[PDB]
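Given as structure tokens, the chain that follows is alone and in the form deposited without its partner chain.
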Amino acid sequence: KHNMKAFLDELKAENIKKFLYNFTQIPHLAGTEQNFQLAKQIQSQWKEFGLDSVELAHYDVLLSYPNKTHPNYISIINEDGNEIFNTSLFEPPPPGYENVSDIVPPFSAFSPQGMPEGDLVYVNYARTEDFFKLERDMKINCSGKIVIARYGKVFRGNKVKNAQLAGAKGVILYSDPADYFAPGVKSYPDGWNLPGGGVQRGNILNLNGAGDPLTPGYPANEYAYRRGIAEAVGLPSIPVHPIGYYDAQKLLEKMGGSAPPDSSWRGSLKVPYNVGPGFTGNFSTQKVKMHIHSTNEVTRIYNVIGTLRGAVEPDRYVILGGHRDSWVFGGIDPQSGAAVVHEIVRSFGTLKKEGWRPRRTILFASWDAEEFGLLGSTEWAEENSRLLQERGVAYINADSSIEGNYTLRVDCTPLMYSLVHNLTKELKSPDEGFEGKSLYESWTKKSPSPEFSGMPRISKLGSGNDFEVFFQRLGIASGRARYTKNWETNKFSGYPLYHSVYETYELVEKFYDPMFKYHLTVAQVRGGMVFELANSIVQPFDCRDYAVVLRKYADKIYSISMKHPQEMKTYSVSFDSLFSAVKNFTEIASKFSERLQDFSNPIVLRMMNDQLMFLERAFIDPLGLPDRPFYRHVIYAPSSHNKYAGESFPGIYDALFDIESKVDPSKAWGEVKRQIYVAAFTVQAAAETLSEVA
């Protein structure tokens, strides 16, 4: 029998281990020859594995690299202009890799060049509220200062945007042990903590969904017209560079000026965490100088696109995609995900060789240049947008399979909640103590839903990964899943070795998943979701779950507004239309569900499958959200303060945010009312797609 069980049973932990080792022996930085060779290898293997076609789709996009002969670094300089302390030029390589070449040194991708000198201001995590506190409460002015911010809490691109708008002339990012060193665990290579010489790479763009900075809206193909750099999307205006905590301690230890305003501003280093500006009396004439010489360069990237044609509905696409480019070895990010995709392709291809085909077409993607801003997935989706918006059933992401070893983490559209619950009840838990129990049972026990007893937590999608174009631009139902840490007992951000040279095969094999059982569990969840989405007769989406969350989000945004009762009275601000729309959606979804269950007629089926497929699509507004034309989904967008986090009813949320500070309240509350109208209209319009069609 060729059924889900056959597919799942063919997956092997040992295969995932072999692929992970194979993908992580050398760096695979986007735009480099090593990453093109790996693309060709994956293309060849996916053909071997049995896919019907496997092609490379290439684009020429703006990338950023340090200058090999003019290294980036930061100094403390004295009155004479002698550089008395310099930050590191590279992370000490891990054991046995000290001779590997082409390790890109730590840098912030897309930083402009410059050598700004000035007094430091420490800005905590560089969040919107951190700058509010500095400017509004502490009266500290960052204009013309170099700011130093600790990584964590929010996407680093938001930090840089926030510093620029505060008037900073440069930004230094660093990893504080408070956020990247778990108490009681040893630093790499002896444990999974960040050593003081470790540094987190990463881009600092604010693309808001645009893709390649030079070609927003259109693929960066052979004849593309490119914007000039000055008109490019999302580039920072001030130099930026990341450092480790040994180096940070040397920059922070001399800080003077104001004390930190409270303990939430203090990390774990043995320094006062003074905000500045500048250094204490003895060192008041010393300054900090950045030296940044990186260059932005249009560079070719390569996606691998594999097709397994559907037997019945070949014009319906279920997509499993994750990236292949890495900052260095990509032990976790992305190769722990790419190895899982590879084994999934292998298992599907085994069934195919025995004569099976899925009902719908499955597309498999190995994206490039994710690290540089989601570029490979976005340019491909721009090229193929018409095919995707009329044929795209669902997109399942496949980046890092693990960021811990405690329990499952799923973020997805409400339309997949029931599919996920059902699938995980059929899978075995890999957890110690849960031998013989379902993954649903272990997951629900370890990560209970905040709203519902006996169900597990499933979060909204945020951003900062390759599903962004599919979900928030195009409105294709999307999801992602991985193994994660215990959020209760672990106060650090992501995993400590994120985007460092220390993220290696050995990190994973020794410290995260020696048996590869959590990888195998994640392969079962991602692959099982793809299987159901591609094979189920009726698409496995439950519109009623969207109705439940829409009411939760309406209650939430109403509660935010109701902090301003006087203004709601003055400007006649009502949420009645939004609640009405949500009530209507709830009623219409309930009736649709009855018909779906109650309806031999393949036209009524496909009619109904199209209503299911186009339901996520219906939340798209072709005009986009304010000043963010590529965030078109009206229910979900990446937070304007932190690209990693999702925000619900984002247009209304941003219209309300900090509204008590706006100079013209009539205008500001008018725009809140406009966003309520847009949201109520879109919810009602999405509900009406589920009504009888005629």
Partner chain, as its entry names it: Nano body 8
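Positions refer to the first chain, counted from 1.
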Subject >> Chain break class at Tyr571/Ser572 - deposited residues not modelled >> reply: none
Original post:
Which of the two stretches, 73-81 or 322-330, shows the higher mean Cα temperature factor in the record?
Top reply: 73-81
Original post:
Between 685-693 and 3-11, which has the higher average C-alpha B-factor in the PDB entry?
Top reply: 3-11
**OP:** Could you tell me which one of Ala210, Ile362, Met255, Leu388 shows the highest CA temperature factor in the PDB record?
**Re:** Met255
Original post:
Which has the highest CA B-factor per the PDB entry: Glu117, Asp542, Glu382, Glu503?
Top reply: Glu117
**OP:** Divide the modelled residues of the chain into thirds by Cα B-factor and specify which third, lowest, middle or highest, holds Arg617.
**Re:** lowest
Subject >> B-factor third for the C-alpha atom of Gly373 within its chain >> reply: lowest
**OP:** Could you look up the Cα B-factor of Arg346 in the entry and say which third of the chain it sits in: lowest, middle or highest?
**Re:** middle
**OP:** Using the B-factor values recorded in the entry, state whether the Cα atom of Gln335 falls in the lowest, middle or highest third among the modelled residues of its chain.
**Re:** lowest
**OP:** Would you mind ranking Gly202 by its C-alpha B-factor against the rest of the chain and naming the third, lowest, middle or highest?
**Re:** lowest
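A second form of this protein, the form deposited with its partner chain bound, is not displayed here; the remarks below concern that form.
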Subject >> Stretch in contact, per heavy atom within 4.5 angstroms of its partner chain in the deposited complex, of 135-143, 528-536, 243-251, 346-354 >> reply: 243-251
Original post:
Closest heavy atom of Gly197 to its partner chain in the deposited complex, within 4.5 Å or not?
Top reply: yes
Subject >> Non-hydrogen atom contact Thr87 with its partner chain in the deposited complex at 4.5 angstroms >> reply: yes
Original post:
Hey, in the deposited complex, does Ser263 get a heavy atom within 4.5 angstroms of its partner chain?
Top reply: no
Original post:
Is there a non-hydrogen atom of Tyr502 within 4.5 angstroms of a non-hydrogen atom of its partner chain in the deposited complex?
Top reply: yes
Original post:
Given that its partner chain is left out here, which of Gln113, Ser459, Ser258, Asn78 has a heavy atom within 4.5 Å of it in the deposited complex?
Top reply: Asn78
Original post:
Of these, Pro92, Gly191, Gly167, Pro272, which has a heavy atom no more than 4.5 Å from its partner chain in the deposited complex?
Top reply: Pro92
